[PDB]
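Each ligand, and each atom within it, is numbered from 1 in the order the structure gives. The figures that follow rest on heavy atoms only: side chains count, while hydrogens, waters and symmetry mates do not. Letters go in sequence order (proteins before strands), and every chain restarts at 1.
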Amino acid sequence: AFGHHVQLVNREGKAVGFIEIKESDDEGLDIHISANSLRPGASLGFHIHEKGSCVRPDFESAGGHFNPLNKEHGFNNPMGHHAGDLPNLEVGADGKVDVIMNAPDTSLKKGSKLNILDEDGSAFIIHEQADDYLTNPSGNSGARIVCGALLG
Amino acid sequence: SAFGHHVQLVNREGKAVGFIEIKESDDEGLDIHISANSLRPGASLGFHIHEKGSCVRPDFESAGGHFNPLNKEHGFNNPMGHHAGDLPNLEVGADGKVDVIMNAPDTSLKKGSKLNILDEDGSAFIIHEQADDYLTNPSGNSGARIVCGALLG
Ligand SMILES: [Cu+2]
Ligand SMILES: [Cu+2]
Ligand SMILES: [Zn+2]
Ligand SMILES: [Zn+2]
Ligand SMILES: [Zn+2]
Ligand SMILES: [Zn+2]
Ligand SMILES: [Zn+2]
């Protein structure tokens, strides 16, 4: 079943949706994201960062793409992808996105290195532009515009 | 994504009130992502896959009976149960919204399967006015059909 509810907040700390997580059949994790107040018809970058902490306005604070296996950024990068790299989100006419994505290289299991549940927590971030699955460290996805901290 | 087979949900008045999408579960059966609105805040609402992909307003009787390939009685708590199409109640927010993923372990999209909901007829997902008591034939005393979406084909 889905759980570990995470609330999503924008630059101004307004609630703009939520995330929940399922230990996947199969395998790794499934991420249910349901958001609003986003740039309509946009394609928007989206990653798991290494610090469960969401400080306005900019969310630097932190990280850090979740990168326990110390690779570079991007699906299409031969040296790359960060365990926390996820596909771009597609926004409805709406301004809303409501999907389940699989993060195959993540975990909640204790003693797991891919464990995104840990002392520090992890944070889910939606970026301002679309990700190019290639450029370090960011895929040129731009500013951090939405954040959600996972602890527990 | 791997969720697909998008199904638009409509109420008795013909208002668009969200959607369903479906995933072939590994494992097993299907996972149903339901994201609906304009429902009774804080209610538990009956929720079933019906046998025919037909959602004729306002009553939705054109969807025909709960999907029951194995010929059982209704209800998770009926020892003579349950229908393949029986799903847990939807638990609505103060929002009037439900946005959840539930497993339907006695379904399939495979042409070869007895449990196929993507059959010649198709199927309909139906939300009811009241809770399913998980016991009473033939629909758990769920009452009227209030939201319908058809999976054709
Ligand atoms: Cu990022
Ligand atoms: Cu029903
Ligand atoms: Zn990255
Ligand atoms: Zn039934
Ligand atoms: Zn959803
Ligand atoms: Zn069953
Ligand atoms: Zn049918």
Rounded to the nearest 0.5 Å, how far does [atom2] of [Y] lie from [atom1] of [X]?
X: B:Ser62; Y: B:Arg57; atom1: OG; atom2: CZ; result: 11.0 Å
X: B:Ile126; Y: B:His50; atom1: CD1; atom2: NE2; result: 4.0 Å
X: A:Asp25; Y: B:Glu28; atom1: CG; atom2: CD; result: 10.0 Å

Open item on the list: Strictly under 2.8 Å, is the Zn ion (ligand 4) approached by any N, O or S atom of B:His74?
Closed with: yes

Task: Vertex the Zn ion (ligand 4), arms to B:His83 ND1 and B:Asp86 OD1, rounded to 10° - done: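 That angle is 110°.
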
TODO: Count up the protein N, O or S atoms sitting under 2.8 Å from the Zn ion (ligand 7), would you?
DONE: 4

Task: Those residues that, when tested against A:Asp118, pass salt bridge (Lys or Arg N to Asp or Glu O under 4.0 Å) (two or more places apart) - done: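 Partners of A:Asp118 under the salt bridge (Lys or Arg N to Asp or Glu O under 4.0 Å) test: none.
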
TODO: Check all N, O or S atoms of B:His48 and name the one closest to the Cu ion (ligand 2).
DONE: ND1

- [ ] Mark yes when over 12 heavy atoms from residues, nucleotides or ligands other than B:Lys97 sit less than 6.0 Å from its NZ; otherwise mark no.
- [x]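 No, not enclosed.
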
Open item on the list: Report the atom name of the nearest N/O/S atom of B:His66 relative to the Zn ion (ligand 4).
Closed with: ND1

- [ ] Using the six-membered ring wherever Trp is involved, compare the ring planes of B:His33 and B:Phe19 and label them parallel, tilted or perpendicular (cut-offs 30° and 60°).
- [x] perpendicular

Open item on the list: A:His73 and side chain to side chain donor-acceptor pair (under 3.5 Å): which single residue from A:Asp132, A:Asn67, A:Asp131, A:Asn140 fits?
Closed with: A:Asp131

Open item on the list: As a test of understanding, state which of B:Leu30, B:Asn103, B:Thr107 forms a side-chain contact (heavy atoms from CB on, under 4.5 Å) with B:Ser25.
Closed with: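 Filter result, single survivor: B:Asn103.
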
